[PDB]
């Protein structure tokens, strides 16, 4: 819409730091580049197959017992290493993530944490076995290595408590919490998890789980977010879902995976974070592999409109979104993370959408930091003038405009 509305939208870079380890410094550099290019948020998966975040206190109370903090940490490290024993590291610490959140805040970048369940939770499943919780895995064509059995109360109680502890930490630090719910038991059903849930009359139980996670988020002052997969599958509403969840919409699925259309979810009142699959890059994916390789993602930042929801033609279909999310995935977590690839993709998305993205405010912030905490009244009026002239509302089309403003502040400070 208007200048104001476009800049009000979220522009998100998503990083799969669940499957693959990222150091605090790597994530800080991603925050840096996000701020420079005019993004508003970094979406950070911390639970996604691997579980790569440990709180200082991981004491868990569930099932009428307590699991000691040291036992929980040990079990999670085991689970994550079992998924993929990343040579770069295992888990981020509470101090590291606190530091990341604060660093992002200083640059007007939000953090959006994701801890995935009941799918994409390999590490949690093994962790639960280590803690004496037998058979946490769903069991269809085979025993799943990724997905929790909704009928296992002991495991369900534990995971809810675990997610609550993470939510407790993010409460008052982040606006949004993404509980995921994508791709239920894909590994055990030939990617037909929702069909299998329905077959076994467990889709109502899946809704109950998602509805609970959504209430948990809201209760702790977090906007709940989830991927679209499990919501109103096949545009049916015999089973109801919480209407306050922000939907990260990425795909309407494929043959035999009949996800609800964005039109149908819009009719149910959902708002969307446009997480179009067209923009995906999977680390190490090459043109010969098909799917989300870098050249395709980069090309799509131009071809797929900012507001275009997957499975729809924009503006012919124009559904309300709060903004858009470009996603970096680590399906094969041993693939090398090459920061410049991610930066080029991030830059392409911003360059194709200069009206949505902010200008680069880093030079300005550095310059304001030089303001001395007994000068001429003439030299002061000028510093006040240049300061008053600063414009914090500029988009990426107006970098030269901003640079001039900053230069005037530089001169006034040096003409002190």
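Positions refer to the first chain, counted from 1.
- Missing deposited residues between residue 373 and residue 374: 1 to 3, all without coordinates in the entry.
- The stretch with the higher mean CA B factor, choosing between 214-222 and 78-86, is 78-86.
- Between the stretches 265-273 and 137-145, it is 137-145 that shows the larger average CA temperature factor.
- Ranking 62, 350, 42, 27 by Cα temperature factor from the entry places 62 first.
- The PDB entry assigns residue 393 a C-alpha temperature factor belonging to the middle third of its chain's modelled residues.
- Looking at the C-alpha B-factors along this chain, the one for residue 332 belongs to the middle third.
- For residue 196, the recorded CA B-factor ranks within the middle third of the chain. Only modelled residues enter the ranking.
- Among the modelled residues of its chain, residue 46 has a C-alpha B-factor that falls in the lowest third according to the deposited record.
- Among the modelled residues of its chain, residue 238 has a C-alpha B-factor that falls in the highest third according to the deposited record.
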